[PDB]
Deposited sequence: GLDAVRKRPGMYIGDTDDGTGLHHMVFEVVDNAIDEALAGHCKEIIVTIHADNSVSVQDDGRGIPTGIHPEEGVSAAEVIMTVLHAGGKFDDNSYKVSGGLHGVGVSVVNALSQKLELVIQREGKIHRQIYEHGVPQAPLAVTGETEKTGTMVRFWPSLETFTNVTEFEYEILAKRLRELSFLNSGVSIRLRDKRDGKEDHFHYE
């Protein structure tokens, strides 16, 4: 797993030099979010392009199962297959990834670096909401040439996903210039 995806990134995520793979990192995370909506638990997904060239995806689904050794969420984030290659591949190809889960009345947080957790999933507070939030900074040792996220590419796929999932609200936000969109087609 981990190490092997790192050694041959292209085979799993696509062209690492023309931007195809870069944007598909985002799509893989969104697809995971889409599932929680297809399951009948998620109603709105928010995708954000931060000014430090990172992307975050948040939803209001159940939240990735926590609790145990390692929590079920850590297994999902670090074990290959524990088009959809998983967040585990996205995590291994990110120089930094931030994971936040709201489930069973608690706020859980964890940081990853090139797929390795700096520490175990920790509880940092109470909450009465549920949902998952993943924010990742693409590894510049893997991705070359096109290294910055393009809004139009994201907007194009997010719209098609909206039409194929009538009912789920999808919002796109660019913090680099204030652009924003809301897809909710019929």
Numbered from 1 along the deposited sequence, what ranges are absent from the coordinates? 69 to 72, 87 to 101
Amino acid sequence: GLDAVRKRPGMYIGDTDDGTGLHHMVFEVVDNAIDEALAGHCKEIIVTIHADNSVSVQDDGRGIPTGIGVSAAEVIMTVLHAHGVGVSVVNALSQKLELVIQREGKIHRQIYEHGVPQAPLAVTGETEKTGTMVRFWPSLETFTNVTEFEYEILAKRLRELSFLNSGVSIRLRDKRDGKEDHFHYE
From here on, numbers count along this sequence of modelled residues.
When the Cα temperature factors in the entry are averaged, is it 170 to 178 or 21 to 29 that ends up higher? 170 to 178
If you average the CA temperature factors as listed in the entry, which stretch comes out higher, 56 to 64 or 119 to 127? 119 to 127
For the C-alpha B-factor as written in the entry, point me to the maximum among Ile45, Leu161, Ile49, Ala155. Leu161
Within-chain third of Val85 by Cα B-factor, per the entry: highest
State the tercile, meaning the lowest, middle or highest third, of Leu140 with respect to the CA B-factors recorded for its chain. highest
Classify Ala39 as lowest, middle or highest third according to the C-alpha B-factor given in the PDB entry, relative to its own chain. highest
